[PDB]
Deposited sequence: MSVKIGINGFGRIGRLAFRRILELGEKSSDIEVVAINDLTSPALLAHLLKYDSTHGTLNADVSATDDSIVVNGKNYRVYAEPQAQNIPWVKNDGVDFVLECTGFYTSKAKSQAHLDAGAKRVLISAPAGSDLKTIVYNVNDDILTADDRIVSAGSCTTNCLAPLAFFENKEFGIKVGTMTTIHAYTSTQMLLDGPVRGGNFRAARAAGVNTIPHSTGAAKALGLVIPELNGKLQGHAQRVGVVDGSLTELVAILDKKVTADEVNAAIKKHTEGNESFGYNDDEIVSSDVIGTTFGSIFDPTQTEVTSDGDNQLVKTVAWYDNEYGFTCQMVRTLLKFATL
């Protein structure tokens, strides 16, 4: 066994728990830390308003959660591993887990440029046994990276810009009000607004695909759904192309690809909730705009920003064993 401590039993920690359980394949969790009663953590694991009720026996004791007759010890220690709090988002900060005997830490978020950022099935081949603190990137990184990686190999991305139409998340407010950081848009009611939101996924995409350093920028629009997101990429490419050419080329790279999938059934956001891909290419939205020989190419991939990302993070976790 490699024994996992999940720090932060939030949307991503609980979902990582669910994924590792359902892989029952042999990876296993053995303990958890949050700011919360074991009772409420077990209740949250069992009942999920996005992902439905866990088909397992779930209960709590005074210091643990219990699932299917196994005990998982729980702590309430605010100062510190699958690091999922959002409070240890750097190598400097994620220092305590090393500082008490982990071989490694995988942070569930971007965590700077002085460590490696991994998108499974794009660049997980750079991991070495020396790698102790590793970023699994953002949810948007795991969706955008394979699209841009394959689109670039095929056609040469000169420059690109991204807009993700993204589900609301726990950083946002239910109703308008003061918000940590003071941001004017973070402050606003998430369920009844389209809310522009800054993202680093395009700008920092060089950490995953070095040759795309400096070549992409983007942002998000946070919209009134609980989960399920889509990334639009508009690029100037080296090659002149048509939409059918683009689709056929990208599609090839989805074949058997558990990280970067494909759907041509004219799906909508709900349909990706509970999917296991980091990114789902949608050829039905591909558009090539041309006049003379000046050309814009729009491509799109969907993603369960919660569970798709979580599945990517678990794959990267499982790969730590091979090192």
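Item to check | Regions left out of the model, expressed as runs of the deposited sequence counted from 1 | outcome: 1, 26-28, 85-97 are the stretches of the deposited chain that have no C-alpha coordinates in the structure.
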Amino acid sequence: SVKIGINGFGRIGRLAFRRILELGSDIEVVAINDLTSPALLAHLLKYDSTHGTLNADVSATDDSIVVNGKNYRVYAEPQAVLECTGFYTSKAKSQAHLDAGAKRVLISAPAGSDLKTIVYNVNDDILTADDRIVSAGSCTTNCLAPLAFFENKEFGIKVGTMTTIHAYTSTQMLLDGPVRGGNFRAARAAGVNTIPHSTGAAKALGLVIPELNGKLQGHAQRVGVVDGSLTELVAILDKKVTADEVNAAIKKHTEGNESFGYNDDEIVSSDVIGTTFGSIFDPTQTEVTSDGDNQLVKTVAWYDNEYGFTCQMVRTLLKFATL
From here on, numbers count along this sequence of modelled residues.
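Item to check | Mean C-alpha temperature factor, higher of 105-113 and 234-242 | outcome: Going by the record's values, the stretch with the higher mean is 105-113.
Checklist entry - Between 29-37 and 279-287, which has the larger average Cα B-factor in the PDB entry? => result Mean C-alpha B-factor is greater for 29-37.
Next on the checklist: Looking at the C-alpha B-factor values in the deposited entry, which of 190, 216, 100, 165 comes out highest?
Outcome noted: By C-alpha B-factor in the record, 100 ranks first.
Checklist entry - Based on what the PDB entry reports, which of 144, 96, 186, 207 has the top C-alpha B-factor? => result It is 96.
Checklist entry - Looking at the C-alpha B-factor of residue 62, is it in the lowest, middle or highest third of its chain? => result Highest third - that is where residue 62 ends up once the chain's C-alpha B-factors are sorted.
Checklist entry - Thinking about Cα B factors across the chain, which third does residue 229 belong to? => result Ranked within chain, residue 229 CA B lands in the lowest tercile.
Next on the checklist: Ranking every modelled residue in this chain by its Cα temperature factor as given in the entry, which third contains residue 78?
Outcome noted: It belongs to the highest third of the chain when residues are ordered by C-alpha B-factor.
Next on the checklist: Going by the CA temperature factor in the PDB record, which third of the chain does residue 313 belong to: lowest, middle or highest?
Outcome noted: Ranked within chain, residue 313 CA B lands in the middle tercile.
Item to check | CA B-factor ranking of residue 151, expressed as a third of its chain | outcome: Lowest third.
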